[PDB]
file model-v1.csv (CSV, N, CA and C atoms)
chain,number,residue,atom,x,y,z
A,1,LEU,N,9.1,11.0,6.2
A,1,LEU,CA,8.8,11.8,5.0
A,1,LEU,C,7.4,12.2,4.9
A,2,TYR,N,7.2,13.6,4.9
A,2,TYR,CA,5.9,14.2,5.0
A,2,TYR,C,5.8,15.2,3.8
A,3,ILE,N,4.8,15.0,3.0
A,3,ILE,CA,4.5,15.9,1.9
A,3,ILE,C,3.1,16.4,2.0
A,4,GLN,N,2.9,17.7,1.9
A,4,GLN,CA,1.6,18.3,1.8
A,4,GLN,C,1.6,19.3,0.7
A,5,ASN,N,0.6,19.1,-0.2
A,5,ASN,CA,0.4,19.9,-1.4
A,5,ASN,C,-0.9,20.6,-1.3
A,6,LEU,N,-0.9,22.0,-1.1
A,6,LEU,CA,-2.2,22.7,-0.9
A,6,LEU,C,-2.4,23.9,-1.8
B,1,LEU,N,5.7,7.6,6.0
B,1,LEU,CA,5.4,8.3,4.7
B,1,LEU,C,4.0,8.8,4.7
B,2,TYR,N,3.8,10.1,4.7
B,2,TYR,CA,2.5,10.7,4.8
B,2,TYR,C,2.4,11.7,3.6
B,3,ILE,N,1.4,11.5,2.8
B,3,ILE,CA,1.1,12.4,1.6
B,3,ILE,C,-0.3,12.9,1.8
B,4,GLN,N,-0.5,14.2,1.7
B,4,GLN,CA,-1.8,14.9,1.6
B,4,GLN,C,-1.8,15.8,0.4
B,5,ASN,N,-2.8,15.6,-0.4
B,5,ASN,CA,-3.0,16.5,-1.6
B,5,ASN,C,-4.3,17.2,-1.5
B,6,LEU,N,-4.3,18.5,-1.3
B,6,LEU,CA,-5.6,19.2,-1.1
B,6,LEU,C,-5.7,20.4,-2.0
C,1,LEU,N,2.3,4.1,5.8
C,1,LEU,CA,2.0,4.8,4.5
C,1,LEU,C,0.6,5.3,4.5
C,2,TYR,N,0.4,6.6,4.5
C,2,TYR,CA,-0.8,7.3,4.6
C,2,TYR,C,-0.9,8.2,3.4
C,3,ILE,N,-2.0,8.1,2.6
C,3,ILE,CA,-2.3,8.9,1.4
C,3,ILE,C,-3.7,9.4,1.5
C,4,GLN,N,-3.9,10.8,1.5
C,4,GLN,CA,-5.2,11.4,1.4
C,4,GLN,C,-5.2,12.3,0.2
C,5,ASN,N,-6.2,12.2,-0.6
C,5,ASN,CA,-6.3,13.0,-1.8
C,5,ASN,C,-7.7,13.7,-1.7
C,6,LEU,N,-7.7,15.0,-1.6
C,6,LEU,CA,-8.9,15.7,-1.3
C,6,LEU,C,-9.1,17.0,-2.2
D,1,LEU,N,-1.1,0.6,5.6
D,1,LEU,CA,-1.3,1.4,4.3
D,1,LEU,C,-2.8,1.8,4.3
D,2,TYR,N,-2.9,3.2,4.2
D,2,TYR,CA,-4.2,3.8,4.3
D,2,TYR,C,-4.3,4.8,3.2
D,3,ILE,N,-5.4,4.6,2.4
D,3,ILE,CA,-5.7,5.5,1.2
D,3,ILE,C,-7.1,6.0,1.3
D,4,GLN,N,-7.3,7.3,1.3
D,4,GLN,CA,-8.6,7.9,1.2
D,4,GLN,C,-8.6,8.9,0.0
D,5,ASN,N,-9.5,8.7,-0.9
D,5,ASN,CA,-9.7,9.5,-2.1
D,5,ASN,C,-11.1,10.2,-1.9
D,6,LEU,N,-11.1,11.6,-1.8
D,6,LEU,CA,-12.3,12.3,-1.5
D,6,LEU,C,-12.5,13.5,-2.4
E,1,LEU,N,-4.5,-2.8,5.4
E,1,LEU,CA,-4.7,-2.1,4.1
E,1,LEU,C,-6.2,-1.6,4.1
E,2,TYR,N,-6.3,-0.3,4.0
E,2,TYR,CA,-7.6,0.3,4.1
E,2,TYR,C,-7.7,1.3,2.9
E,3,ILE,N,-8.8,1.1,2.1
E,3,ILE,CA,-9.0,2.0,1.0
E,3,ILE,C,-10.5,2.5,1.1
E,4,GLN,N,-10.6,3.8,1.1
E,4,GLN,CA,-12.0,4.5,1.0
E,4,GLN,C,-11.9,5.4,-0.2
E,5,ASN,N,-12.9,5.2,-1.1
E,5,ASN,CA,-13.1,6.1,-2.3
E,5,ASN,C,-14.5,6.7,-2.1
E,6,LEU,N,-14.4,8.1,-2.0
E,6,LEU,CA,-15.7,8.8,-1.7
E,6,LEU,C,-15.9,10.0,-2.7
call {"tool": "encode", "arguments": {"input": "model-v1.csv", "output": "structure tokens"}}
result
Amino acid sequence: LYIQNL
Amino acid sequence: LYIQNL
Amino acid sequence: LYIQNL
Amino acid sequence: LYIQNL
Amino acid sequence: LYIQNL
């Protein structure tokens, strides 16, 4: 599970 | 589980 | 579990 | 468990 | 458990 918020 | 908030 | 807040 | 707040 | 607050 990988989450990136940019 | 990887979370990055940028 | 890895969290980075930048 | 790794947390960095920057 | 590693916490850095910068």
call {"tool": "atom_distance", "arguments": {"input": "model-v1.csv", "atom1": "atom N of residue 1 of chain C", "atom2": "atom C of residue 6 of chain A"}}
result
21.7 Å
call {"tool": "atom_distance", "arguments": {"input": "model-v1.csv", "atom1": "atom N of residue 4 of chain A", "atom2": "atom C of residue 4 of chain E"}}
result
19.4 Å
call {"tool": "axis_aligned_box", "arguments": {"input": "model-v1.csv", "around": "chain B", "padding_each_side": "3 Å", "output": "JSON"}}
result
{"center_x": 0.0, "center_y": 14.0, "center_z": 2.0, "size_x": 17.4, "size_y": 18.8, "size_z": 14.0}
call {"tool": "select_by_dssp", "arguments": {"input": "model-v1.csv", "residues": "chain A", "states": "strand (DSSP E)", "output": "PyMOL selection string"}}
result
chain A and resi 2-5
call {"tool": "decode", "arguments": {"input": "model-v1.csv", "residues": "chain C", "atoms": "C-alpha atoms", "output": "PDB file, in the first residue's frame"}}
result
ATOM      1  CA  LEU C   1       5.232   1.495   8.025  1.00  0.00           C
ATOM      2  CA  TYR C   2       6.843   4.650   6.698  1.00  0.00           C
ATOM      3  CA  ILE C   3       5.297   8.141   7.010  1.00  0.00           C
ATOM      4  CA  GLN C   4       6.882  11.348   5.705  1.00  0.00           C
ATOM      5  CA  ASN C   5       5.068  14.675   6.038  1.00  0.00           C
ATOM      6  CA  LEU C   6       6.802  17.502   4.146  1.00  0.00           C
TER       7      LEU C   6
END
